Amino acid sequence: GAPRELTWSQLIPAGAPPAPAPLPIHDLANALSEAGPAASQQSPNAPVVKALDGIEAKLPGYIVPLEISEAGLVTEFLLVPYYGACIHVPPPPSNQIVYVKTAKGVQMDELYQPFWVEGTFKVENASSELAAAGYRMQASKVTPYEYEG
């Protein structure tokens, strides 16, 4: 049925540390840069909200592509709360990342904007060399986040 809209803060359980500054201080960005690609994500096994497992959810975010289809579309990606996550700044904690799989791919070109990702939501570990995630989603719909200034 209709997806339950989520916020990124609903993916952090009660008592767990909040999401850090999306733009780390200079000394920290340099320390994580000097450290290996392993050390990039400082909370790769962050606590997860187990009551979210199996629901139909809807979450906004930016797309970090992981796989391209035969058709030239992104079919596997990380959903993150901010643009540049894993690329321009360190990865977010693993409870601020969703590993998404979609049959209806997204155009590689239009990934500068945020999107709404709707689908079956799972509390299952997912790893990539780029980042670890505590959540997974089999998307039904990937639609641009609409906002007019």
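Residue numbers here begin at 1 and follow the sequence given.
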Using only the Cα atoms and their B-factors as the entry lists them, report which of 59-67 and 101-109 averages higher.
-> 101-109
Of 31-39 and 113-121, the one with larger mean CA B-factor | 31-39
Chain third (lowest, middle, highest) by recorded CA B-factor, residue given as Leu23 = lowest
By the record's CA B-factor, is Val48 among the lowest, middle or highest third of residues in the chain?
-> lowest
Lowest, middle or highest third: where is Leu6 by Cα B-factor in its chain?
-> lowest
State the tercile, meaning the lowest, middle or highest third, of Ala126 with respect to the CA B-factors recorded for its chain.
-> highest
